[PDB]
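Protein chains in written order, with the authors' numbering: chain A, 3 to 169; chain H, 3 to 169; chain A', 3 to 169; chain B, 3 to 169; chain B', 3 to 169; chain H', 3 to 169; chain H'', 3 to 169. A prime marks a further copy of an entry chain.
Beta carbons: idealized from backbone N, C-alpha and C, even for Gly.
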Amino acid sequence: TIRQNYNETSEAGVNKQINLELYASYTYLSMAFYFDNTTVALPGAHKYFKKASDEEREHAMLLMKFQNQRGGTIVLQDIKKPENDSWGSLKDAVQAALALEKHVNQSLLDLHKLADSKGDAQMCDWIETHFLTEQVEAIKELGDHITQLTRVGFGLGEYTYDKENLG
Amino acid sequence: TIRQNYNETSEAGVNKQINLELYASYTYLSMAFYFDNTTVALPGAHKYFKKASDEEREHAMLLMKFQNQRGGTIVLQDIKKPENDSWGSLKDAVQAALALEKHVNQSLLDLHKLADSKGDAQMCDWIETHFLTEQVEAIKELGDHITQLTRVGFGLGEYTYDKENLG
Amino acid sequence: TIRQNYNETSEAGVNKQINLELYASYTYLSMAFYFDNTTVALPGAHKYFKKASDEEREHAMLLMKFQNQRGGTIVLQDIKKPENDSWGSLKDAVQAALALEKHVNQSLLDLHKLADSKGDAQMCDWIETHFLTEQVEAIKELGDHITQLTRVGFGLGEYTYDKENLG
Amino acid sequence: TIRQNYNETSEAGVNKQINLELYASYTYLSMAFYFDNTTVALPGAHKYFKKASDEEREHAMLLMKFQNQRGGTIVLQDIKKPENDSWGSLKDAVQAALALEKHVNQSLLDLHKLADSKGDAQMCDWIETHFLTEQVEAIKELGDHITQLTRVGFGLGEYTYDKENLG
Amino acid sequence: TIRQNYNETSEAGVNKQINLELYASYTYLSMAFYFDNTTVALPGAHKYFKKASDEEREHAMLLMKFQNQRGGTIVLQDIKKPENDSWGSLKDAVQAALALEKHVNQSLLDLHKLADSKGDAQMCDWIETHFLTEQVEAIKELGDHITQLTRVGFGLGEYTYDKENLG
Amino acid sequence: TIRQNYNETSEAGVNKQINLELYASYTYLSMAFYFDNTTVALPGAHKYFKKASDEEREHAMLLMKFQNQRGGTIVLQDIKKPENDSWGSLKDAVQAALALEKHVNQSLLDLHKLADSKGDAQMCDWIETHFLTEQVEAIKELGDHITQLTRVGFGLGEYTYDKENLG
Amino acid sequence: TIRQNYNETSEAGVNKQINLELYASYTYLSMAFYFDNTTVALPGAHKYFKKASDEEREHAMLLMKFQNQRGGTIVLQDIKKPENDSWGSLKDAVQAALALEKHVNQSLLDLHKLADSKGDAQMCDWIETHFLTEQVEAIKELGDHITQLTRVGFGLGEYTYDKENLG
């Protein structure tokens with residue numbers, strides 16, 4: 003028996019967070035191929051959101067690994083389809099990505115507070131080390147892109163920022 | 003308009019195959035991390051079904067890209083959760099994968115037959131080029147794994163084939 | 003006698019397609035040197051359409067080679083002058099290139115359907131392998147350029163896309 | 003079970019084409035060592051037809067492999083002895099090979115036609131990918147050798163082509 | 003004076019954990035040379051448990067270093083002799099080590115809990131950074147070895163795992 | 003305005019020479035693939051007249067570029083099909099090419115005489131620099147090929163000079 | 003808005019710590035150039051406290067960056083001048099630095115306790131990661147320098163430790 007100091011509601015929250023990072027993986031994939039659509043056509047954003055979808059999928063597998071290491075049982079649910087089919091302008095899509103990563107951050111903070119309430123020192127530091135500082139950086143990066151996309155405006159600017167920054 | 007000789011029924015099956023390949027990616031991920039579970043503990047299979055999950059995910063993006071190249075529209079649906087939570091013995095899982103890649107093959111074949119009936123020569127060759135011959139080889143490999151897993155038996159055999167073959 | 007399973011109307015269609023790809027070679031050359039004209043002056047487009055004229059000329063020689071390999075007889079006709087003398091804005095010229103490559107695609111699809119009706123398995127796969135997927139990619143690429151040229155607008159944008167993309 | 007969309011008359015055709023490609027291997031061997039005979043003594047042809055024998059033997063193994071991938075059963079038959087013991091002039095032997103690869107081509111086309119009649123999309127592409135275009139090129143090459151061997155005539159010319167071309 | 007926010011019961015706990023990590027070092031040494039004994043003769047395990055002994059001895063020195071950095075006083079005690087003289091089957095010994103690192107884990111958690119109760123933020127992170135996550139991975143690894151050693155069974159299997167895995 | 007000392011009659015002859023060089027490119031292409039025809043089968047000449055077609059096409063773009071550099075306007079006309087469909091013997095074709103490059107020379111000479119009569123010093127040197135001395139060498143080479151093709155005779159000779167000289 | 007789980011009192015302490023670390027940078031600079039003064043003349047310490055000034059300045063920018071990453075607002079205040087103009091003996095200065103890094107530690111600890119009380123898990127780990135364990139090591143090093151400076155005495159000793167240790 004490897005399980006030690008690993009609460010059962012902790013275990014249930016990791017199962018949830020796994021679903022959330024998969025849901026995020028699938029939302030970014032939806033964005034990536036929206037900018038590959040011929041009537042949108044921003045290759046840099048295609049690149050940028052494909053990698054994002056790769057990363058939160060890593061997130062999920064890092065949480066899957068942690069579940070096994072602590073001695074719990076992975077339990078999967080349906081990954082729900084993304085909230086939209088099309089994503090508007092390049093600025094609109096980065097605003098949704100900001101809203102999405104803030105939603106993920108809040109869950110990671112709730113999981114941390116949960117783990118903390120049950121005295122799980124290791125699960126706290128694991129979440130601090132793999133997710134919390136990286137979320138903070140993800141959020142600040144998106145925040146800067148939104149300021150920039152507003153600064154360059156529409157038309158020529160949207161093209162330029164796609165190519166020269168997101169790619 | 004880039005759309006040419008691309009039938010709306012073909013477009014809908016593509017979306018249907020995007021969901022299917024994503025479904026297979028999510029099943030393999032389930033298996034991969036079942037073999038990482040401490041009570042199962044087969045690192046070779048864990049490695050083997052993790053790559054398999056990557057492949058059918060690559061399959062989905064290859065279809066997403068093709069939907070865009072032909073001037074269609076991606077429409078995503080939920081990714082249903084895997085049929086099982088645990089996957090039994092190493093031989094039991096390889097059988098489970100054989101049944102899945104056959105299901106996907108029949109689906110890819112029906113999608114070919116649909117495309118052919120609408121006169122879509124390029125779609126036919128594209129499915130032939132990227133999917134039909136790969137499925138044949140994938141099924142043949144699963145079959146040989148099943149035969150070899152039966153030859154090596156349970157216990158020491160299952161270990162050996164895990165490390166030496168799938169690893 | 004090398005001729006085997008090679009229909010006489012097939013042979014007549016290859017002779018036609020040779021003329022069409024030459025006509026396309028000559029249209030792109032007309033575009034390439036229109037952007038080299040001092041009152042137009044977009045060097046990137048000059049590059050971009052010179053290479054296009056090189057490529058459909060390869061197309062012709064690939065069809066000439068196939069004619070000989072199958073045992074037919076190449077028969078040449080006049081290459082007709084391009085439909086226009088000047089080609090308008092950079093966006094206007096890429097729209098004509100989209101119309102031209104769709105016209106070529108349709109002929110390649112008609113030749114395929116023709117070859118198919120006469121049971122010519124090899125000529126079908128030859129057309130699938132050298133022309134059909136490449137046409138699909140050519141069309142999607144042009145489609146994206148047209149979206150982008152509309153996005154960046156006129157003046158500064160037209161210059162920027164010429165230099166940073168087409169060159 | 004791995005067999006899927008693999009019809010029993012297709013499987014019987016595959017067994018017939020393994021025998022024919024082995025039969026062709028054995029004719030080419032016969033010729034290659036005819037030219038090694040001291041009353042003939044054409045070292046270039048020996049080397050050329052030895053290689054062609056390796057070639058159609060690789061064909062046979064390629065088909066045996068395909069039979070196993072689809073879940074068929076290889077069933078072998080006697081390989082009949084070549085039609086002749088000696089092969090006349092070098093030009094006579096190249097004409098014998100042209101006739102032979104045309105027979106193989108027709109047989110390969112009939113196998114495709116049967117595969118297509120049962121809706122075996124994958125079998126059709128496999129034959130297209132590995133055999134149909136390679137047969138066209140081999141036939142054209144033999145055709146060009148026959149024209150060239152007529153051009154150089156007999157005596158000194160036959161010597162020259164053997165050494166400078168077939169070697 | 004360098005001591006700062008370093009409480010006396012924390013300092014006493016550090017002295018207790020130096021003894022325990024030295025005790026663990028000395029158990030692993032006992033096992034490693036049990037497997038070197040000619041009636042046992044498992045060279046992989048000898049090498050694996052020798053290294054684990056070096057390991058928990060590095061742990062001890064890491065803690066002695068920490069005691070000095072905070073301005074504590076190292077106070078050493080006898081290292082008790084391991085609980086057994088011989089360690090049964092290889093699987094028996096891996097079970098003995100699992101039990102041992104769990105004891106160390108619980109002790110390490112209690113030390114964290116005490117450090118946190120006195121508000122020693124730095125002591126908590128130090129234990130998180132150097133010990134807590136490493137203990138989880140060691141426990142999971144021992145757990146996986148125990149499942150695998152059951153899988154290969156006794157006799158030939160025990161031989162194989164010793165050489166191919168622990169070595 | 004960049005146009006200086008560039009007479010309108012000179013401008014029109016340039017367009018007339020663009021057509022002529024394109025006409026020569028299309029003739030050589032016709033010859034090149036006549037020698038690739040299985041009943042003719044002279045790979046050396048095929049290679050030789052393919053390069054020749056590339057050269058006079060380079061000639062046309064060199065004239066197109068010069069029309070633009072002097073501030074004129076390209077006006078394209080049809081490219082007439084080659085005078086013959088087949089080209090007889092290897093010697094017969096080299097004679098056909100000699101007659102063509104002489105025609106092109108007289109045309110280039112008349113274009114020089116026209117430019118000189120209008121006082122266009124730069125155009126004169128440009129034609130001298132890029133065309134007059136190249137035509138002299140091209141004609142001299144064709145002449146030597148004709149003399150050598152007559153020396154080597156028909157049959158074996160024609161083969162030999164094809165492979166060893168034009169190849 | 004990027005601001006999430008970032009309390010306004012935490013924001014104000016960050017600004018307060020930016021000032022403190024800048025204050026320490028300006029103190030070390032004062033010391034560094036006291037040891038460069040001709041009547042003091044200890045190049046090793048000059049080098050040692052110049053680097054120390056660089057470090058706590060790096061500390062301030064690391065806090066400035068963190069204020070921005072969390073969506074707060076930098077507010078700068080005066081940097082007060084160092085407590086002394088001269089710094090006495092080499093041992094006297096190292097004691098002065100030990101008192102300063104302890105002051106900064108208590109400040110960093112209170113900032114941690116403040117962040118923890120407002121539930122800011124990421125801020126806590128960030129301070130742990132970048133500051134708490136570095137301060138422990140910095141204080142331990144100053145302590146050892148003080149002990150060594152007392153062992154080597156005044157005069158020749160002070161020289162020796164300056165060049166051989168701080169240099």
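Delimiting residues of the alpha helix (DSSP H) encompassing H:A62: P45 to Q71
A':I4 versus B:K115 - alpha carbon distance: 21 Å
Strand pairing of A:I81, partner residues [DSSP]: H:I81
Whole-angstrom Cβ separation of H':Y25 and H':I81, contact assumed at under 8 Å?
6 Å
* If you compare alpha carbons, which of H'':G90, H'':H132 and H'':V106 is closest to H'':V42? -> H'':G90
Counting Cβ pairs closer than 8 Å, one from the region 67-84 of chain A and one from the region 136-147 of chain B', do we hit at least three?
yes
| said: Assuming B:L24 is part of the alpha helix (DSSP H), what are its boundary residues? | reply: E10 to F37
The alpha helix (DSSP H) spanning A:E160 covers which residue range?
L158 to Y163
TODO: For H':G15, return the contacting residues in chain B, with the cut-off set at a CB-CB distance below 7 Å.
DONE: Chain B residues near H':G15: none, gap ~43 Å exceeds 7 Å.
Helix, strand or coil for H:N7 per DSSP?
coil
From H':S32, H':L92, H':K18 and H':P84, residue whose alpha carbon lies closest to that of H':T162: H':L92
| message | Going residue by residue through the region 97-169 of chain B', where are the continuous alpha helix (DSSP H) segments of at least 4 residues, counting only ones entirely within it? | response | 123-129, 135-154 and 158-163
>> Could you check whether B:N7 and H:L111 sit closer than 9 Å to each other, using their CB atoms as the reference points?
In response: yes
Less than 9 Å between the C-beta atoms of H'':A123 and A:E130, yes or no?
yes
Give the straight-line distance between the Cα atoms of H':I76 and A':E58, rounded to the nearest whole angstrom. 21 Å
ask   = Taking 9 Å as the CB-CB limit, is B':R153 close to chain H?
value = yes
Notebook entry, point to check: In chain H', which residues lie with their C-beta within 8 Å of the C-beta of B:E166?
Noted result: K165
query: Does DSSP classify A':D87 as helix, strand or coil?
result: coil
Tell me the rounded alpha-carbon separation between H'':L100 and H'':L44. 19 Å
* To do: Given a cut-off of 9 Å, decide if B:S32 and B:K83 are closer than it, judged by their beta-carbon atoms.
  => yes
Could you name the residues of the region 115-141 of chain B whose beta carbon sits closer than 9 Å to any beta carbon of chain A', in the order they occur along the chain?
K115, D118, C126, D127, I129, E130, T131, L134, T135, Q137, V138, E139 and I141
**9 Å Cβ cutoff, B:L158 in contact with chain A'** = no
Buried/exposed call for B':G145, threshold 16 Cβ in 10 Å | buried
Item to check | Candidates H':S119, H':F156, H':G159 and H':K165: closest to H':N9 by CA position | outcome: H':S119
ask   = Which chain A residues are close to H:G73, counting only those with a beta carbon under 7 Å from its beta carbon?
value = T40
#### Entry: Any chain H beta carbon closer than 9 Å to B:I148
no
Q.
Just checking: is the beta-carbon of H:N9 within a distance shorter than 9 Å of some beta-carbon in chain B?
A. no
*State the CB to CB distance for the pair B:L158 and H':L158, rounded to an integer number of angstroms; the pair is presumed to be in contact (CB under 8 Å).*
6 Å
Worksheet item: Would B:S88 be called buried (16 or more neighbouring beta carbons within 10 Å of its own) or exposed?
Response: exposed
**Prompt:** Do we get a CB-CB distance below 9 Å when we pair H'':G169 with the residues of chain B'?
**Reply:** no
#### Entry: Exposed unless 16 or more other CB atoms sit within 10 angstroms - verdict on A':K104
buried
Chain-ordered neighbours of H':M66 on chain A', where CB pairs are closer than 7 Å: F35
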